[PDB]
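Below you'll find only one chain, the form deposited in one PDB entry, shown as structure tokens.
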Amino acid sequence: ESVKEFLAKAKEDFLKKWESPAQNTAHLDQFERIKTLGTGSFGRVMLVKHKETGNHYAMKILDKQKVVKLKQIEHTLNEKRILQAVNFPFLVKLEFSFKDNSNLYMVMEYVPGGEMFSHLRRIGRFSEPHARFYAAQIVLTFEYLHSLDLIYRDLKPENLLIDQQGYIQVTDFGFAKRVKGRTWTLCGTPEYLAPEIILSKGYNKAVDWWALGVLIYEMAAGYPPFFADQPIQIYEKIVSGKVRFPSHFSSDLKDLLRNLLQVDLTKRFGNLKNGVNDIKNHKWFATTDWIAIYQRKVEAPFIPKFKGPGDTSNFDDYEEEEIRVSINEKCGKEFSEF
């Protein structure tokens, strides 16, 4: 009801920040390296301590030359620019960003509770009320992002962090893009790709709603709806339409998932005339108090063990490697606006 009013105000704040950024706001010298939290093909995330506050942060470190070689220039520029402009309770806040000769740096809020993926594998599956609690937060997050014409494109439990109150913090805006109408990039996780991405025909924000369906299925089942050894075999399952649900799934849940995992774009929930309200007013979400979820007033079904600021037991261990800053500036023009 009053959501329309809240979203107009959010759009005006976003457009103000999109137009006039604040940027280049710290340096590596101000941070003490503690532990590598995770690695990838073109960078890593480290736990860092701000030297003159003692505040802990998660610092994303990206190698410029590896970003260039793997064709991730625009994606990386989009990520920093989008994170600077957005403000929502379930999005990890960007605190500082900067660059040196070799690396790009994105300093973010540290979430000690770890990935939802890790909790999901340990427990096996989430109960339907547990899954619904998380699903509600993603629904609201996508409603916020889509109204700003932002597409997320990277939904999965690995990118969902559980804070000290048991609420979701969405990380990794590497595939996020502002797009009116259509876009074309073949990016994402094979299990989470919508059929229209695979078919290479151009797509819009509706791919996020497909991805929600995959997420809800995986939270409730413990495994994704489309799975095989080969990624090429996964694509074939996705496009064929057909989904098998576990027998323990409620018939309200099966019904929500058929309207989200819908190949026909003119029939997929979130994309229709009522839009997001088709999801919000669906029977499986009947006990959800949308306002209380937004305000974080609903008591969480799971609170991670807290072991002090700067504890990393919720994360895996990795070979600690130097942050090498070259004496020569690399890829100057490519990242000039970073």
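Residues that one form lacks are left out of the comparison. Just so we're on the same page, rigid core means the largest C-alpha set that superposes within 1.5 Å between forms. So that there is no doubt, residue numbering starts at 1 and follows the sequence shown.
**Request:** Decide which of the stretches 125 to 133 and 236 to 244 has the higher mean C-alpha B-factor, going by the entry.
**Result:** It is 236 to 244 that shows the higher mean C-alpha B-factor.
**Item:** Entry-level comparison of average CA B-factors, 224 to 232 and 169 to 177, reporting the higher stretch
**Value:** Going by the record's values, the stretch with the higher mean is 224 to 232.
**Request:** Name the residue from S147, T141, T76, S200 with the greatest C-alpha temperature factor listed in the entry.
**Result:** Within the set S147, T141, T76, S200, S200 shows the top C-alpha B-factor.
**Message:** For the CA B factor values reported in this entry, which option in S250, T185, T266, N159 has the top one?
**Reply:** Comparing C-alpha B-factors across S250, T185, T266, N159, the maximum falls on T266.
The protein also exists as the form deposited in another entry; that form is not presented, and the subsequent description refers to it.
**Request:** Using the rigid core as the fixed frame, list which single one of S313, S41, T287, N281 shifts its Cα by at least 2 angstroms between the shown form and the other one.
**Result:** Comparing the C-alpha positions, the one residue that moves 2 Å or more is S41.
**Segments displaced between the shown form and the other one (3 or more residues, each Cα shift of 2 Å or more, core-superposed)** = Core-superposed, displaced stretches are 39 to 43, 318 to 321.
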